[PDB]
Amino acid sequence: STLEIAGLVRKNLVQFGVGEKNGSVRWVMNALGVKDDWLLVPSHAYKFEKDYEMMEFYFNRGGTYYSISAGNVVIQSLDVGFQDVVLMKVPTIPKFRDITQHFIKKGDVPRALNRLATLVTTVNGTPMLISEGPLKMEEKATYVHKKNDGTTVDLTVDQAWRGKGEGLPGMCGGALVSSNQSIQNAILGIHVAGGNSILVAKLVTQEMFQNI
């Protein structure tokens, strides 16, 4: 069911934060553990600020905090080009339950179109289920990211789900789950943007985990 998939997502969601060494942590959004010490996270969380590699990354797992130098996480792309969401290996994180087989197969993508979905996310660790209207797929989606200094950047990714719904700051990095039971309520991707009552999630397929 949606609710049981949601519980699996919930247990693998951690809070992602960034800080200078010996400085205060800014909690930014969610990241999703997928297998072993690999997580999915929107790279817009960190990559557009100066000297990101000199920062400490923090992973809050239910009130137990794991940190690592940003230069010591291993980042792997999902596909060629900018996809925002990346795979990130964090050697200091406890192993995750493997949820890769719960993600939609590329061939089954059409089965989630025109159907409801649920964004399974948190705001700063507080779990939320957010209803999304019948889904469409955008071959290219563009959204605006606001940096810490107020300046903005336009981001464009390939293959992003679009659904009517109401998101809040901090919900990025949560997982979109299909209402379609016939594909076992597959996880469809990762929330990257919300606005004008539109929620946007980068498609992530089972096949993309082959990138290791």
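In case it trips you up, residue 1 is the first one in the sequence shown, and so on.
According to the PDB record, 74-82 carries the higher mean C-alpha B-factor of the two stretches 127-135 and 74-82. Between 107-115 and 136-144, it is 136-144 that carries the larger average Cα temperature factor according to the deposited entry. As recorded in the PDB entry, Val157 shows the highest C-alpha B-factor of the residues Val157, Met29, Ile183, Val177. Taking the deposited Cα B-factors for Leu39, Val153, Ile68, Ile187, the highest one is held by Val153.
For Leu199, the recorded CA B-factor ranks within the middle third of the chain. Only modelled residues enter the ranking. Ranked against the other modelled residues of its chain, the C-alpha B-factor of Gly165 as given in the entry falls in the highest third. Annotation for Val25: CA B-factor lies in the highest third of the chain's modelled residues. When all modelled residues of the chain are sorted by CA temperature factor, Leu8 is found within the middle third. The deposited CA B-factor of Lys50 belongs to the highest third of values across its chain.
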